[PDB]
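Questions regarding the structure given below will be posed in turn.
Heavy atoms only: backbone and side chains are in, while hydrogens, waters and symmetry mates are out. So that the names make sense, note that chain A is the first sequence line, chain B the second, and so on, each numbered from 1. Every number for a ligand or one of its atoms is a count from 1 in the order of the listing.
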Amino acid sequence: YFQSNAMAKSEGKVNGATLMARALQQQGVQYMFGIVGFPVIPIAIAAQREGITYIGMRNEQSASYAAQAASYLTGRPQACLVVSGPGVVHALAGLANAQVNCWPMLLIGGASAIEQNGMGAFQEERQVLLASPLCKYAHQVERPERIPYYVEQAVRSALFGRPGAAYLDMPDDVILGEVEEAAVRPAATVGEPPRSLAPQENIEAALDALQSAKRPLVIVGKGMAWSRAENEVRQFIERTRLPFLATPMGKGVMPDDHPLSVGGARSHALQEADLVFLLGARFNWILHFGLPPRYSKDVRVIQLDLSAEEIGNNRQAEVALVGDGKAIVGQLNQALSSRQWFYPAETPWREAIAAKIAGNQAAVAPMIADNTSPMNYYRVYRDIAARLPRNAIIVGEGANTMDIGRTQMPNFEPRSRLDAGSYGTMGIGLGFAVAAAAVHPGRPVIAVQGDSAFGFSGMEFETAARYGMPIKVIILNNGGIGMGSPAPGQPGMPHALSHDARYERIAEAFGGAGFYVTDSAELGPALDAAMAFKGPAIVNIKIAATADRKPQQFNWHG
Amino acid sequence: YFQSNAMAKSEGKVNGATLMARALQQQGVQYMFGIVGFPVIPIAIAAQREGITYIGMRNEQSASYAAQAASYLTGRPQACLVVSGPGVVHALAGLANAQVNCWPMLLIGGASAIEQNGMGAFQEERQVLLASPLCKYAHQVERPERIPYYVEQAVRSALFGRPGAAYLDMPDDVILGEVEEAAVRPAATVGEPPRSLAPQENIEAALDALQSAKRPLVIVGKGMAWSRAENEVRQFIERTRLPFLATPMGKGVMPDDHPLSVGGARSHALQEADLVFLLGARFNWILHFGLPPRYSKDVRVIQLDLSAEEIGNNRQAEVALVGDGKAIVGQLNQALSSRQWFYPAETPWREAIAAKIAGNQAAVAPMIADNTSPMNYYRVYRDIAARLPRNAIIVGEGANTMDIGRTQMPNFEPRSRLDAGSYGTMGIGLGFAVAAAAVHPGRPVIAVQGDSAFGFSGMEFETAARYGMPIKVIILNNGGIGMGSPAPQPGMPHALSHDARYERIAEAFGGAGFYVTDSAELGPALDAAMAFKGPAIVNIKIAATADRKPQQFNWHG
Amino acid sequence: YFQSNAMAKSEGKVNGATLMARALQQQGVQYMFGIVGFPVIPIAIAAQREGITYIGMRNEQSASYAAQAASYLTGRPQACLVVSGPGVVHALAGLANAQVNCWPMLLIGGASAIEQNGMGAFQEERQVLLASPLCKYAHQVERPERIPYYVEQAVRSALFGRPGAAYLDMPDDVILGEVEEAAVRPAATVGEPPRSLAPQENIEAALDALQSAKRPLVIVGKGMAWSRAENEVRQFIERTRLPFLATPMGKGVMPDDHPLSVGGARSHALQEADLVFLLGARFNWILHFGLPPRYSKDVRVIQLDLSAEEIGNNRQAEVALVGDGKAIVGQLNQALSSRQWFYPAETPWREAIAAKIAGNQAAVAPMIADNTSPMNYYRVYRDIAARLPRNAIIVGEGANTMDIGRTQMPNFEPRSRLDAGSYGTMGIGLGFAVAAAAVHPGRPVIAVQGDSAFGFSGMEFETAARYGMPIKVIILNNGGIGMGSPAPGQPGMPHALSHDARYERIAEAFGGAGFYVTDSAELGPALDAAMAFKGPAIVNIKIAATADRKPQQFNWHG
Ligand SMILES: C[C@@H](O)C(=O)SCCNC(=O)CCNC(=O)[C@H](O)C(C)(C)COP(=O)(O)OP(=O)(O)OC[C@H]1O[C@@H](n2cnc3c(N)ncnc32)[C@H](O)[C@@H]1OP(=O)(O)O
Ligand SMILES: C[C@@H](O)C(=O)SCCNC(=O)CCNC(=O)[C@H](O)C(C)(C)COP(=O)(O)OP(=O)(O)OC[C@H]1O[C@@H](n2cnc3c(N)ncnc32)[C@H](O)[C@@H]1OP(=O)(O)O
Ligand SMILES: CC1=C(CCOP(=O)(O)OP(=O)(O)O)SC(O)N1Cc1cnc(C)nc1N
Ligand SMILES: CC1=C(CCOP(=O)(O)OP(=O)(O)O)SC(O)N1Cc1cnc(C)nc1N
Ligand SMILES: CC1=C(CCOP(=O)(O)OP(=O)(O)O)SC(O)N1Cc1cnc(C)nc1N
Ligand SMILES: Nc1ncnc2c1ncn2[C@@H]1O[C@H](COP(=O)(O)OP(=O)(O)O)[C@@H](O)[C@H]1O
Ligand SMILES: Nc1ncnc2c1ncn2[C@@H]1O[C@H](COP(=O)(O)OP(=O)(O)O)[C@@H](O)[C@H]1O
Ligand SMILES: Nc1ncnc2c1ncn2[C@@H]1O[C@H](COP(=O)(O)OP(=O)(O)O)[C@@H](O)[C@H]1O
Ligand SMILES: [Cl-]
Ligand SMILES: [Cl-]
Ligand SMILES: [Mg+2]
Ligand SMILES: [Mg+2]
Ligand SMILES: [Mg+2]
């Protein structure tokens, strides 16, 4: 009818939803995760018309988590789309997690019409006010002709400097409001984030300090992965022959099988190093604040970070390298060519690191070899690690499940491990997996979660099936939070869940493949069948209720 | 060993977790929904030792929704317990919903140790700052000896006046910090919320206005359900013979089968009334702001609300009745004893209401009787409504599923319907159902959700199974958000999985699962699900294009 | 007497007030402006014991403005000390002004005792929450032993990166609480803010663009004055021969009498430039957003700013130079030597600039020479400018008084003009003057305020007299806000004040010298006497009610 090409069409006007979609596409947004509804249905449809991939989720929580993981994987702010009111409130989880991890993110939240403000409109809410404490940038788009301006400013703010979350509030009457095409002020395309360099004397001072250290340690954080500095870091470590330690999501910047990794002697390396070189890593709880009882009280610090305000937190920095990871390590490699220095091939430090790695390997070897059922964590990961392709993207989530999987699942390329992060968040699991499968559909995506962690976002398995994402979900079920629990007229323990739950049947609700494992003899065949199945799958593994990690001198939290 | 009763034990000291547990119990907290972890594990354990019922959920979203539902059902603030950092941020969902619905709740969020503030500690976060815009009350507990003070003040703030959410921040070193039991200052027990009355002239002016109206309408909102005013409201309606309209969760304050209800002629009643008596209901979007095009421009308003600031919002109130719903309607009943007036037995207003009711009944009658498969919404509810016990607690969630279920599922007692509420929230479904099953285990609990709504909180079925809650989950699956979609070109943003076998989720956790696609299967499946001694899911594949009855006005406008 | 040295004393403990004083002194805080009272009296007393200069003001509003001006003048965060409750709320003015100008400052606010929280204590308030939106950093000090930690972190957060305000909340029980001196954990001394450099290809790209421009313009902002980049900028301008425009408080980075200044042809220079080089200046309202109708639609931008997120705001930047102004201009000077280029001595661009300067000079020449009484603004500034020493510190505040004074009072060294700034704030006048008199007591401090501006902070004249600060306050009184008003059965107009007010008698209330000027013949002798008076002085000049600035093609705001 009105879709006949023979009829006269106005064709001069454009509405806010369309301008938003074009601006997002211009600014490099390729993925949009969310849940539609009033008033954002036109936004999702217009985004699809511009070629943006829209992924409809089952909860805004996972959608806001998927958005920032896709941002991390692409190096580019990607979008989360939620409805007014509780849509935005649900998505506050992702804003908080993206702020704490320094990951970019664009949350687009619908709002009730401006003309109804004050009246008690449907899902009326002070949305910019609620989001502001968790965002680098948060603003309401008051008029549709200003959409290109706001999308450019929001993307730029989220991407430049220390990355973080941006929020755009889209009222209903702005989404549907129309303006003349020829009257809309265009906006420039946001390019690559600016890279800054360190002063030359800071470069030379860092090398001076490295040459003088008896027990140096390089710590590779996920700031280097975000900076895409892996080439420069690998050259720097190879030329200096310096021992290095990867952070949880810094794994892969250096290959985990590199002979200079101290990952198997982590506590001794932190305890005994006289100099620590922080590469895109913070002295927060992940690295135990750089302070006793985990470090020498007199540890010297070279700190490379883009955030000037981060320099010297908790432990003073002897040499500060403020700027971009890739750029500054490039400076170090250039300055190394004039020094002709490397850490000597034989030092007591190297011998102590090697002895500790072998001691820790012998401590967990019987647990890895133990075929008895119900299985311990290390036995389970023996079969899992042996079936992980070298280009896989690993999502890990839980307490023991995640921590033990971190040391038992090596990464050989950067940006290939996504876990609970600097916020210790449960609920990122399947959202991260959906984002990884959307961004890199040619690579296998394996999520290894505990039974508690799986419950936070397990409904998103339907999302993966609906979009043909062959995500492999492996659940390590001990029947509780961190540990199992003997079944109780006493009430159930607060940490207890269901040890006999058949989570794999959730995969069969949505056309995926489900596998249940209780004996070690079943694990191999089940994992083989799950990996070969052309589609998403769940392997539910009932592990020992009392299985625990390797004993250590220090508690992880302390 | 150290627990041998022969061993000398020092018993003088108590820590913050135990103080928190004793204070919550003293203040009437019987239910605590949450997810444990650093640092709140001692709090949940201590709560159970005091006899508090701890319910471990699967997401803090549902835990915060369950807490406010339990508060609405019990009449006292109930607790939601979450870990530091993302635990609180996940729980902000429930604070906002409780704020908007004027429902109390107490959120107890753990926090990182005070002595590590600034260091980038595990899950360090400005938690009070984040929660403050969503709460009536939000404060950190800085020392464990002040826990009785803060619990009393938080519960009192949540419960008294216009109810709302309260937040208490519990740092790790306060939870584990010890004090001498004899040195802790006790706190008074928070009693019932104060009830206030209206001036006598306002009472008389309200009754004078009722006598003068040609087309009066009483609107009964959930503020009367919160106020426990059902006895007084029923006496008021039976005395005055006035037509009434229930709001969505005001259903049941008056029985939905009462002959004075105008529910089946709702649009006509709002449009043509010359006087509206608001009982604990707002002129917000749920009542279309009391303005055109849904009301007469000159509609006269009697407004009963506890909140003085709410009086006259959008539409001016000719008579204001600021105070408690139960006390004020009691005043009206007492003042009516001196008047011979009642709304007459036969008026053109009654005839117009009755005719419009019959017209809407005949408009939906063919759909209710249509046994065509895949079924429409009204046909599905024909079998559901015939099997709902009259004392059931009904949870409704979705768009078409919820709105059509609102008209097809009558409630005969108050506080027995829990739905998306004033915030239009998807995600409250199984959290509300778990709350209802915990508070009223002797009553049946039936949640009717759309397929989209179920996806928000479906994992909480494991919670119901783990606690032996025989919740009956009925899913109306059209394969999308509000309506279905043809199979795919990428999938439509609103599309879900029409062929999904959601009922197998019940079988993951020991419940009964039922799949219905034909009308002949619906009856036997509902029979078996209601009779099964445990939780159950009935997954009904409905027509992808089934819709609600056509109306003159869109619900939103 | 308990003060006799013969008596045994404890000496082993220290309270929070003393730890705060020692930490502030260690971190380079030399000046503390505030008003004492519960609970901060011990803090100011302890600060004086460590040698910190305490300045007791008459309103926290001016104290908070003084602290940030002293921070700008010293290059390090200086302190404002206020009481609980309304003391902090009064001081929010300074936090907002410091945020908008990117100036550092440390606000120290007392709080009611922690043990009384919730009870309705005296001046109990959510002080961190109120201050947080206006601060880079805001935190409460919960225990006295962590004071060194928080002071270090607050000073560093205010000073590093883009500077801004930091707030520390000091409860009464923390101020008076005692700890063992040997158990207090020390904190490192905050050094100079880190400097970052631009990548070399960006440096060369900037020089390439400069060589290609037909009508280039360098804009020198107060970011270069903060960065102490004046010598690098002066070398760059001398070697490139580029015309330059100074921003309001950028005046002095280049001397105002420099022949390359386009200040006398500002509108034409911005309108016609084909390339603009922003040096530590933003495209905000002060530079008219870098957009039409004040700029060419195709103007090319080289942008030097420390804040990566600011790059490309309103007008896209062709070359981004993210880093420190001093460091990056140093790179440009070094890279300039590799080439053989300067902007030619004879171009149509230079002729157009010189013609507009001469035209604008001839437009105001009659007003400057007009001895008519009541005097116009330009006539008043003829006598003021002739008596301003070349090393003076000038404070300007008002509308016409400030804007006309900006062009009539040249500065020849940087950081010597303090005015309403990027926030357009009235109320900074005597607070800025007191700060300048405290930081540079060996230099003359002259504040030229309109009559409305003086009323905001005029009581601080007592502060100047109490501390022996010979501040010279010159008031231009037209009897209203922006303009005069005829005498009023009619109420006074909202902008009207008192044209016949004798503000100079305020000086005689506090021991200063007051001078009243109505005729041009009195102006010179009055200024001579005020400048020679060995103390603070007020010269109250009753100017014409309808005196105005020279007409322009565009309104300053637009
Ligand atoms: C789609 C997706 O992207 C979304 O973003 S959605 C967002 C989620 N959405 C919500 O959160 C909205 C919740 N929505 C509401 O809260 C209600 O919608 C209101 C706002 C209160 C309006 O109310 P309401 O207009 O819907 O009225 P009600 O539901 O009571 O009844 C309907 C018609 O059935 C007639 N009727 C009643 N009873 C019987 C009977 N027994 N037999 C025959 N007919 C009957 C009655 O008379 C009327 O017909 P009428 O009188 O107008 O001709
Ligand atoms: C409503 C009222 O109550 C208020 O609420 S107020 C609020 C308080 N308000 C503020 O907070 C804003 C302060 N305002 C500014 O920040 C400036 O306003 C800008 C925004 C930077 C624009 O700048 P500007 O347009 O004012 O230009 P500038 O002041 O530099 O010079 C003026 C004209 O004099 C020419 N000129 C310069 N030097 C000489 C000389 N030596 N001889 C002869 N002529 C000269 C120059 O060329 C130009 O003339 P043009 O080129 O346009 O023809
Ligand atoms: C529940 C929970 C965990 C599960 C461990 O149990 P799971 O079965 O997943 O793994 P297990 O250790 O192999 O048994 S960790 C944790 O910190 N936490 C608290 C926690 C709760 N909520 C949020 C949002 N973030 C959290 N961080
Ligand atoms: C998804 C969604 C709905 C489901 C309708 O689809 P469902 O299958 O549940 O029911 P149907 O109508 O029978 O098909 S309603 C709605 O407002 N909304 C948007 C919505 C999204 N997120 C949140 C927190 N609140 C919302 N309100
Ligand atoms: C009153 C006022 C001004 C005085 C001009 O009158 P004044 O006698 O000082 O100078 P005149 O122009 O020579 O007469 S400017 C201005 O923006 N403003 C509004 C103004 C008010 N309050 C604050 C905090 N900031 C402001 N910016
Ligand atoms: N391009 C970049 N170059 C260098 N550092 C960066 C860059 N982007 C972000 N960073 C910094 O990297 C740090 C990441 O630290 P963190 O998340 O604690 O690492 P990890 O958790 O791996 O130890 C942040 O402090 C952030 O400021
Ligand atoms: N005890 C009480 N007595 C009277 N009114 C109350 C009481 N408690 C709450 N209210 C009011 O009841 C109203 C509920 O309105 P609303 O949630 O819009 O109801 P509905 O959704 O049923 O229309 C709120 O405005 C609240 O102030
Ligand atoms: N050390 C520094 N080097 C370079 N730029 C800086 C430095 N410190 C601050 N800046 C920048 O200087 C800019 C000041 O701009 P603005 O206050 O608008 O100047 P003006 O008002 O003089 O135009 C801010 O954007 C700030 O980020
Ligand atoms: Cl019961
Ligand atoms: Cl000096
Ligand atoms: Mg577990
Ligand atoms: Mg549906
Ligand atoms: Mg004036």
Item to check | Nearest-contact summary for atom 1 (N) of ligand 8 - protein heavy atom, Å | outcome: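 Result for atom 1 (N) of ligand 8: C:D324 OD1, 2.7 Å.
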Next on the checklist: With the threshold set at under 4.0 angstrom, would you say C:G323 reaches ligand 8 through any of its heavy atoms?
Outcome noted: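 It does, in that a heavy atom of C:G323 comes within the 4.0 Å cut-off of ligand 8.
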Next on the checklist: In this structure, is the centre-to-centre distance between the rings of C:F236 and C:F244 below 6.0 Å?
Outcome noted: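 Aromatic pair excluded; centres sit 6.0 Å or further apart.
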Next on the checklist: Please find the pair of heavy atoms, one from C:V445 and one from C:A437, that lie closest to each other, and give the distance.
Outcome noted: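 So the minimum-distance heavy-atom pair works out to CG2-N, 3.8 Å.
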Item to check | Protein residue, atom and distance nearest to atom 18 (O) of ligand 8, heavy-atom basis | outcome: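 For this ligand atom, the closest protein heavy atom is C:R282 NE, 2.9 Å.
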Checklist entry - Which is it for C:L245 and C:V218 under the side-chain contact (heavy atoms from CB on, under 4.5 Å) test, yes or no, and what are the steps along the way? => result CA-CA 6 Å; C:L245 172 66; C:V218 176; over 6 Å; no
Item to check | Derivation of the side-chain hydrogen bond (donor to acceptor under 3.5 Å, both in side chains) call for C:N101 and C:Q68 | outcome: CA-CA 10 Å; C:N101 285 286; C:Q68 71 195 256; 4.6 Å; no
Item to check | Winner among C:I328, C:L321, C:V329, C:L306 once heavy atoms are compared against atom 6 (C) of ligand 8 | outcome: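 Checking each option, the heavy atom nearest atom 6 (C) of ligand 8 is found in C:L306.
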Checklist entry - Taking everything shown except C:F554 itself, do over 12 heavy atoms lie less than 6.0 Å from its CZ? => result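 Counting other residues, nucleotides and ligands, CZ of C:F554 exceeds 12 neighbours.
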Item to check | Nearest candidate to atom 9 (C) of ligand 8, where distance is taken over non-hydrogen atoms, out of C:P193, C:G280, C:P163 | outcome: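 Closest candidate by heavy-atom distance is C:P163.
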Next on the checklist: Check contact between C:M249 and ligand 8, using heavy atoms of the residue and a distance below 4.0 angstrom.
Outcome noted: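 Contact check C:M249 vs ligand 8: negative.
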Item to check | Close-contact set for ligand 8 against C:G325 heavy atoms, below 4.0 Å | outcome: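 What qualifies from ligand 8 is 2 (C), 3 (N), 4 (C).
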Checklist entry - How far is atom 22 (O) of ligand 8 from its nearest protein heavy atom, and which residue and atom is that? => result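 Its nearest protein heavy-atom neighbour is C:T247 OG1, 2.6 Å.
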Checklist entry - Just which atoms of ligand 8 are under 4.0 Å from any heavy atom in C:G223? => result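 The list of qualifying atoms is 12 (O).
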Next on the checklist: Whether C:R390 engages the ring of C:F412 as a cation-pi pair (distance to the six-membered ring centre under 6.0 angstrom, angle to the ring normal within 45°) should be assessed.
Outcome noted: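 Relative to the ring axis of C:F412, which defines the angle, C:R390 lies inside both limits.
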Item to check | Contact partition for C:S422 relative to ligand 8, non-hydrogen atoms under 4.0 Å | outcome: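 For C:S422, the contact with ligand 8 is made by the side chain alone.
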Checklist entry - Near C:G221, which atoms of ligand 8 are under 4.0 Å from a heavy atom of that residue? => result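 By the 4.0 Å cutoff, the relevant atoms are 22 (O).
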Checklist entry - What protein heavy atom sits nearest atom 8 (N) of ligand 8, and how far off is it? => result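 Among all protein heavy atoms, the one nearest atom 8 (N) of ligand 8 is C:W226 CD1, 3.3 Å.
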Item to check | Geometric N/O contact C:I286 with ligand 8, under 3.5 angstrom | outcome: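 No, no N or O pair falls under 3.5 Å.
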Item to check | Options C:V100, C:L279, C:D305, C:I219, ranked by nearest heavy atom to atom 25 (O) of ligand 8, top entry | outcome: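 Result: the heavy atom closest to atom 25 (O) of ligand 8 is in C:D305.
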Item to check | Closest protein heavy atom (residue, atom, distance) for atom 17 (O) of ligand 8 | outcome: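 Looking at atom 17 (O) of ligand 8, the protein heavy atom closest to it is C:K222 NZ, 2.6 Å.
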Checklist entry - Taking side chain as C-beta onward, heavy atoms only, is C:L217 less than 4.5 Å from C:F277? => result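 Contact flag for C:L217/C:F277 side chains = no.
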Checklist entry - Backbone, side chain, both or neither: what part of C:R162 comes under 4.0 angstrom of ligand 8, heavy atoms only? => result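 Contact part for C:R162 vs ligand 8: side chain (C-beta onward).
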Item to check | Charged N-O contact under 4.0 Å between C:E309 and C:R162 | outcome: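 Not counted as a salt bridge, because no side-chain N and carboxylate O are separated by less than 4.0 Å.
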Item to check | Least distance between heavy atoms, C:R76 atom then C:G191 atom | outcome: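 In this case the closest contact between C:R76 and C:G191 is NH1-O, 3.0 Å.
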Name every donor-acceptor pair, under 3.5 Å, that has one atom in a side chain of residues 414-421 of chain C and the other anywhere in the protein, sequence neighbours excluded.
residue	atom	partner	partner atom	Å
C:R415	NH1	C:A225	O	2.8
C:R415	NH1	C:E230	OE1	2.9
C:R415	NH2	C:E230	OE2	2.8
C:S416	OG	C:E413	O	3.3
C:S416	OG	C:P414	O	2.9
C:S416	OG	C:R443	NH2	2.9
C:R417	NE	C:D419	OD2	3.0
C:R417	NH2	C:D419	OD2	3.2
C:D419	OD1	C:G421	N	2.9

